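One chain comes next, on its own, written out as structure tokens in the form deposited in one PDB entry.
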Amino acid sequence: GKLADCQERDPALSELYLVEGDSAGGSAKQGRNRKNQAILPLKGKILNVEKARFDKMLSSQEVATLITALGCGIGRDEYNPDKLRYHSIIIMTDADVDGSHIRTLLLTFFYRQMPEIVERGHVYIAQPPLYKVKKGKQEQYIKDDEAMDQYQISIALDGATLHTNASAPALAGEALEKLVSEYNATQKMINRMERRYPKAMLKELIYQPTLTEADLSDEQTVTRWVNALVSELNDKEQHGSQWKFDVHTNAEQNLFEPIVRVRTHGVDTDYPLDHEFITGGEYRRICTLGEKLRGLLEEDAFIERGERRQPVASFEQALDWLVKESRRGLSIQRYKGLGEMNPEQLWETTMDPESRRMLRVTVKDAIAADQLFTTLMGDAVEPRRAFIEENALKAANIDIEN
């Protein structure tokens, strides 16, 4: 039944794998350690034992083969966890949403049918990589997008990068890296809140000074700030946008109601700013970063890149040029799935006992886990819909601003 059993008959040093698909199963069979490892490919999605009746579980072929392979019994008055084979169990599914779904199905099966196996800690999860980077001599694998971004940033600032501001200063490493990291963090904070405001306004307000509410007044001071902002926004346009502004008062503070129009005859009629926004911490950190980010460049300025020099303004394009220089001799490959990887890659990346990485599954609380399983994997649609709605993007819009 597609099972390539191992030779080690002692059930204290064996391993078992549950590979997704047929090509990946064949590659694993080619690249395995023949001594104490076994391969059990799964062709497609398996039954959901939470919903299905007990009769159909025995009729299903996949779960029947899995139960036979494990060696333990099934059902009350027959289960016996002592008689176990393959003390180590690894999932090793793909790195996309369907792989996660299959993983959840397998976890539900194991937790509902064999609580003792999960409690004792015999179930593990593998972690194959996603990207492969090659740079002539330096080549390696990178997992997840965040690590790829970190690697790209590190390679961009791998030596050199002496920012000549006026005559000859030198941040020299740590200061520049800290500034870039803070700028990236603020960029991410801006992107997550991108829905509620335009990108241009948030990108431009950082350069502007603080609101200066201390000297604010109903006339001759409230208008100047908004007029300066609208002037600095209007002179940077490429899509036929237009910015207009107005202010109002409510006997406590003078609030702003800026408006913008682009490729539409309609108008939002308000992008209000009042005490609530300035009191928030997001604008505080924006101004904190903007304090360092000012017009520090003099008439002469450049970056002492490796055998290169690009004297220009608009440091964003300077960073883009640095990235282009970094990516000049870099090649990237993005694996589509486990089928792409040849047996040697699978052996050295996930199945090697001395260089693999895995995760152990354990249970913290029993009642909470049971309630979660009943809520998600049950056959009551309304609780599942409510749970998905509650953890939707509305709850993701965290206003901690830190």
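Heads up, when I say rigid core I mean the largest set of C-alphas that superpose within 1.5 Å between the two forms. Residue indices: 1-based, along the sequence shown.
Same protein, other form: the form deposited in another entry, not shown, and the subject of what follows.
Fill in: 2 Å-or-more CA mover between this form and the one not shown, where superposition uses the core and the choices are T249, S100, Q150, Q187
Per the superposition, the moving residue is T249.
Worksheet item: Is it true that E116 shifts between this form and the one not shown by 2 Å or more at the Cα, once the core is aligned?
Response: It does not, since the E116 C-alpha is displaced less than 2 Å between this form and the one not shown after the core fit.
Worksheet item: Any CA movement of 2 Å or more for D218 between this form and the one not shown, core superposed?
Response: Result for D218: yes, a 2 Å-plus shift.
Worksheet item: Is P169 one of the residues whose Cα moves 2 Å or more between this form and the one not shown, with the core superposed?
Response: After core superposition, the displacement of the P169 C-alpha between this form and the one not shown reaches the 2 Å mark, so yes.
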